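Below you'll find the structure, written out as structure tokens, and then a few comments.
Residue numbers (the numbering used here), protein chains in the order written: chain A, 1 to 137; chain B, 1001 to 1242; chain C, 2001 to 2194; chain D, 3001 to 3097; chain E, 4001 to 4048; chain F, 5001 to 5049; chain G, 6001 to 6096.
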């Protein structure tokens, strides 16, 4: 535990300033390459989290979501305002593609709202005809 | 038993120097011979840490909180003075060629601590700062910069052009204490790592502990306030000249 | 059930926006919060025995590691004690420090008041710098010394202090303020033993 | 660097107006504040030994002489004690007072 | 009542509630040493 | 009407500044001196016992 | 400063008082009475310090309220400048 404190004790900064003691090799704050970043927190949380199940289980992270293994730690991935409901659709289309829904058969196992005998094409036509103030009638 | 003294150093010269000024008491020459280095720690060490270091702290921060800035600066001159310890007849008070800047005694040297295992329960920053004195050394430097920019802001709220000319000099002095602004993102540039190449531990060579936050924000404060001074903007961006 | 499984909001609207590293952080926080609370049926115990130790990640989960803000505050408080420090809030403040701190507590301060409080501090210190250590006691279970100290007056006025670790763990004992023993020793009488 | 050298604002706009004696005062105050703080590389020590005495100009620099207002207040308090006096605030007040 | 109005701060810390807990145990340890001498069984009011 | 728009913007900015002021008061809670003066009363009641 | 004379008086009261074929006169409970009186003085001192802190806190709160009122009066002046400009341009419109 003081062996963690000693690199925290020797550097303290990386501007020279003369009178306090400084060591080199800093990073820009508010970036993934920093040490208190969301990237470092994500790295620590992932390397904790992939050690809680056996690798052969179905509850392991790389077995339930192979997407998180290949996430690029980049400042573009940090700061870009990507919308949600895109990531969900990408993860759901990773397992089963979208054309499987159009090719799908009938009479499924009693789901709510009955959306499963699904055709994307009629939905696209209907939603394009929504805002244009044109019904099929 | 075993080279531990229960005795204090002699309290008579401290009473000799109470009757003179405070400046002849809270000085490095009285902290050399009359109080040891190893005697600054030890049995009566809490009183000496407090009396020669935390008394100018809670004096100067109390003067800052009550907005007496010209006397708030005077009590940080008993901790950090920038080439100013002279003792009334020239004589910058060097050790060898080292011009003395830190009046306090544990801030003068660079010491190693060996005891403090498992700070992970102790969330106190003061125990961490008593482990290595560079934390207090950074704290006094940041309070000096806060106090100088507060004196500049005090000479900026009166909005007279003589007072603005008086106000610009404090931001000059703050930019002279800070030195020159360092570069950023110019050592071990971040390669796009896909999070399965990482390790659990540190020192992989990629996460690289950063530059300070408050000393980085001081450059931005001085930049905004000098940009307001070099036009007729106020602090709110309001033009003084219509 | 699918939200607990795939760690992603299967009922979210279109107006919510989230950067991908933040969404990965949220998914792993949901996964750790499910795995700590025992809701995982088959799971790996002999690493849980290592991560729920005295000082590892999952022991300070609810204290620090549930949140990026609290984790950042802990990792910056241990790397910058200077940014989070103040002369008022401090551990191991002496009683003389409380006397000094609330003697200079004026509004339009002068230097006379802080010099008078400084004189009162040195006058109070000069009494404690004359305490005469008489009796020792080394407790072996709690690794502490205890001292009994008389002052240099003809009335006795004993005191006590303690060093709080091994005498040779380092050069430093963790010492203590001289505090007054309160009852019935302080009469002007003469003692066979104490 | 040029601002530290020529003592004049090399990035100033056009809206700031300053009388020439005030600008000379500001330039010399910048020069003294640079020379006191040891930032001058080669400089004259055996007059600095005379100006940082018990009572000369550069000893009461930070106390009084950094500012025209504080300097004027000190030079008028020693030349008019009558203007700055009051019966309440007084040194050596007895307990009977 | 001694404990309840000792932790009655505004921005509480854990030091204050641990100090009130110590004061509670120190006050309990005195009552855990009371030495019962004399008994009395009232028969009308069914009390000892 | 161009002057009336800038007379309405000042009202809107004043209302936003007043709401920001009371939000800062309500988020800062009680002061440090208020907390000190209420801790010392309990620490003084603990020595009357 | 009224703490050490009480403990010194209770130290002196435990000395015997009567001499000459009548031993004693020493007050036995004097040191616990001075302990109680000293601790009452400490309680009154700490409540006086709490009163000092509350007075200064009320001064800080009314400084914050003064700052709010000053800012609202500045915003009212910035409103009334534009409203004066509006009424002056109405005057120009009527004068045309």
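We treat Cβ as the ideally placed atom computed from N, Cα and C, and that holds for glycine.
Compare the C-alpha of residue 2054 (chain C) against each of B:1067, B:1238, B:1055, B:1120 and name the closest.
Here residue 2054 (chain C) refers to the residue found at position 54 of the third chain. Ranking the options by Cα distance to residue 2054 (chain C), first place goes to B:1120.
At a CB distance below 8 Å, what residues from the segment 1112-1129 of chain B approach chain C? Give them in sequence order.
So the list reads 1114, 1115, 1118, 1119, 1120, 1121, 1123, 1124, 1125, 1126, 1127, 1128, 1129, given in the order they occur along the chain.
Using the rule of at least 16 other Cβ atoms within 10 Å of the residue's Cβ for burial, across every protein chain shown, is residue 6013 (chain G) buried or exposed?
Against the seventh chain, residue 6013 (chain G) aligns to sequence position 13. Under this definition residue 6013 (chain G) is a buried residue.
Look up residue 5042 (chain F) in the DSSP assignment and say whether it is helix, strand or coil.
Along the sixth chain, one-based indexing puts residue 5042 (chain F) at 42. Residue 5042 (chain F) falls in the helix class under three-state DSSP.
Less than 7 Å between the C-beta atoms of residue 87 (chain A) and residue 2023 (chain C), yes or no?
In the first chain, the residue the question calls residue 87 (chain A) occupies position 87. In the third chain, the residue the question calls residue 2023 (chain C) occupies position 23. For residue 87 (chain A) and residue 2023 (chain C), yes; Cβs fall inside 7 Å.
Report the residues of the segment 6050-6063 of chain G with a CB closer than 9 Å to any CB of chain C, ordered along the chain.
Result list: 6052, 6053, 6056, 6059.
Between the segment 1126-1141 of chain B and the segment 2076-2083 of chain C, can you find at least three pairs of beta-carbon atoms closer than 8 Å?
Touching, yes, given that three or more Cβ pairs across the two stretches are closer than 8 Å.
On the DSSP bridge list, what partners appear for residue 4042 (chain E)?
Stepping through the fifth chain from its first residue, residue 4042 (chain E) is reached at position 42. E:4047, per the DSSP bridge assignment.
In this structure, does DSSP put residue 1225 (chain B) in helix, strand or coil?
Mapped onto the second chain, residue 1225 (chain B) falls at position 225. Note: residue 1225 (chain B) maps to helix in three-state DSSP.
Can you find a C-beta in chain G that's less than 7 Å from the C-beta of residue 2041 (chain C)?
Along the third chain, one-based indexing puts residue 2041 (chain C) at 41. For residue 2041 (chain C), the answer is no, since every Cβ of chain G falls outside 7 Å of its Cβ.
Tell me which residues of the segment 3060-3094 of chain D have at least one Cβ-Cβ distance to chain B shorter than 9 Å, keeping chain order.
Hits within the stretch, in order: 3062, 3063, 3066, 3067, 3068, 3069, 3070.
What three-state label does DSSP hand residue 1205 (chain B) in the structure shown?
Along the second chain, one-based indexing puts residue 1205 (chain B) at 205. If DSSP states are grouped into helix, strand and coil, residue 1205 (chain B) belongs with coil.
To the nearest angstrom, how far is it from the Cα of residue 1155 (chain B) to the Cα of residue 1209 (chain B)?
Here residue 1155 (chain B) is taken as the residue at index 155 of the second chain, counted from 1. Here residue 1209 (chain B) is taken as the residue at index 209 of the second chain, counted from 1. When rounded, the distance between both Cα atoms is 37 Å.
Using beta carbons (cut-off 7 Å, strictly below), is residue 5026 (chain F) in contact with chain E?
In the sixth chain, residue 5026 (chain F) corresponds to position 26, counting from 1. So, not an interface residue.
Can you name the residues of chain C whose CB is closer than 8 Å to the CB of residue 6032 (chain G)?
Taking the first residue of the seventh chain as position 1, residue 6032 (chain G) is located at position 32. Those within 8 Å of residue 6032 (chain G) in chain C are 2183, 2184.
What number of angstroms, rounded off, separates the C-alpha of residue 29 (chain A) from the C-alpha of residue 1087 (chain B)?
Within the first chain, residue 29 (chain A) is the residue found at index 29, counting from 1. Within the second chain, residue 1087 (chain B) is the residue found at index 87, counting from 1. Looking at the two C-alpha atoms, the distance is approximately 43 Å.
Below 8 Å, how does it come out for the segment 2103-2110 of chain C and the segment 20-35 of chain A: are there three or more Cβ pairs, yes or no?
Segments in contact, no.
Does residue 4013 (chain E) pass the burial test, meaning 16 or more other C-beta atoms within 10 Å, or should it be called exposed?
Residue mapping note: residue 4013 (chain E) aligns to position 13 of the fifth chain, counting from 1. Counting Cβ neighbours within 10 Å, residue 4013 (chain E) comes out exposed, since fewer than 16 surround it.
Does the pairing of the segment 2087-2100 of chain C with the segment 1047-1058 of chain B give three or more beta-carbon distances under 8 Å?
Touching, per the Cβ criterion.
Which residues in chain A sit within 8 Å of residue 2017 (chain C), going by Cβ to Cβ distance?
The residue given as residue 2017 (chain C) occupies position 17 in the third chain. Per Cβ cutoff of 8 Å: 81, 82, 83, 84.
Is it right to say residue 72 (chain A) is buried, meaning 16 or more other beta carbons lie within 10 angstroms of its own, or is it exposed?
For the purposes of this step, residue 72 (chain A) is identified with residue 72 of the first chain, where counting begins at 1. Classification for residue 72 (chain A): exposed.
Note down, in chain order, each residue of its chain lying with its Cβ closer than 6 Å to the Cβ of residue 1105 (chain B), except the 5 sequence neighbours on either side.
Along the second chain, read from residue 1 onward, the residue named residue 1105 (chain B) stands at position 105. The answer, listed in chain order, is 1031, 1040.
With C-beta atoms as the reference, is residue 1093 (chain B) less than 7 Å away from residue 1085 (chain B)?
For the purposes of this step, residue 1093 (chain B) is taken as residue 93 along the second chain, with counting starting at 1. For the purposes of this step, residue 1085 (chain B) is taken as residue 85 along the second chain, with counting starting at 1. Contact flag set, yes.
Would you give the residue range spanned by the alpha helix (DSSP H) that residue 6066 (chain G) belongs to?
Taking the seventh chain and counting its residues from 1, one reaches residue 6066 (chain G) at position 66. Its alpha helix (DSSP H) spans residues 6030-6095.
Please classify residue 6066 (chain G) as buried or exposed, where buried requires at least 16 other C-beta atoms within 10 Å of its C-beta.
Start at 1 with the first residue of the seventh chain, and residue 6066 (chain G) comes out as number 66. Residue 6066 (chain G) comes out exposed.
Give a yes or no on whether the minimum CB-CB distance between residue 5010 (chain F) and chain G is below 7 Å.
Numbered from 1 along the sixth chain, position 10 holds the residue referred to as residue 5010 (chain F). Residue 5010 (chain F) counts as touching chain G.
Should the segment 6076-6095 of chain G be regarded as contacting the segment 5010-5017 of chain F, the criterion being three or more beta carbon pairs within less than 8 Å?
Taking 8 Å as the limit for Cβ pairs, the verdict is that the segment 5010-5017 of chain F does touch the segment 6076-6095 of chain G.
Can you pull the chain C neighbours of residue 1212 (chain B), defined as C-beta to C-beta under 9 Å?
Taking the second chain and counting its residues from 1, the one referred to as residue 1212 (chain B) is at position 212. By Cβ distance, chain C contributes 2080, 2082, 2083.
Any C-beta of chain F sitting closer than 7 Å to the C-beta of residue 4027 (chain E)?
Mapped onto the fifth chain, residue 4027 (chain E) falls at position 27. Residue 4027 (chain E) does not count as touching chain F.
What in chain C is Cβ-close to residue 19 (chain A), meaning under 9 Å?
What you label residue 19 (chain A) is simply residue 19 of the first chain in a count that begins at 1. Within 9 Å Cβ-Cβ: nothing; residue 19 (chain A) doesn't reach chain C, min ~14 Å.
Which residues bound the alpha helix (DSSP H) around residue 1156 (chain B)?
Here residue 1156 (chain B) refers to the residue found at position 156 when the second chain is read from its first residue. Careful: residue 1156 (chain B) lies outside any alpha helix (DSSP H) and carries neither H nor E.
On the DSSP bridge list, what partners appear for residue 2149 (chain C)?
Taking the third chain and counting its residues from 1, one reaches residue 2149 (chain C) at position 149. Paired residues: C:2133, C:2159.
Take the Cβ of residue 6018 (chain G) as the centre, count every other Cβ of all protein chains shown within 10 Å, and call the residue buried at 16 or more, exposed below.
Along the seventh chain, one-based indexing puts residue 6018 (chain G) at 18. Its Cβ having fewer than 16 others within 10 Å, residue 6018 (chain G) is exposed.
Below 7 Å between beta carbons: does that hold for residue 2028 (chain C) and residue 13 (chain A)?
Numbered from its first residue, the third chain carries residue 2028 (chain C) at position 28. Numbered from its first residue, the first chain carries residue 13 (chain A) at position 13. No, the pair does not count as a contact, with Cβ atoms beyond the cut-off.
Just the C-alpha distance for residue 1147 (chain B) and residue 1192 (chain B), rounded to the nearest angstrom, thanks.
Here residue 1147 (chain B) refers to the residue found at position 147 of the second chain. Here residue 1192 (chain B) refers to the residue found at position 192 of the second chain. Spanning the two alpha carbons is a distance of roughly 42 Å.
Looking at the unbroken alpha helix (DSSP H) that takes in residue 3035 (chain D), where does it start and where does it end?
If you number the fourth chain from 1, residue 3035 (chain D) lands on position 35. Here the alpha helix (DSSP H) through residue 3035 (chain D) covers 3020-3036.
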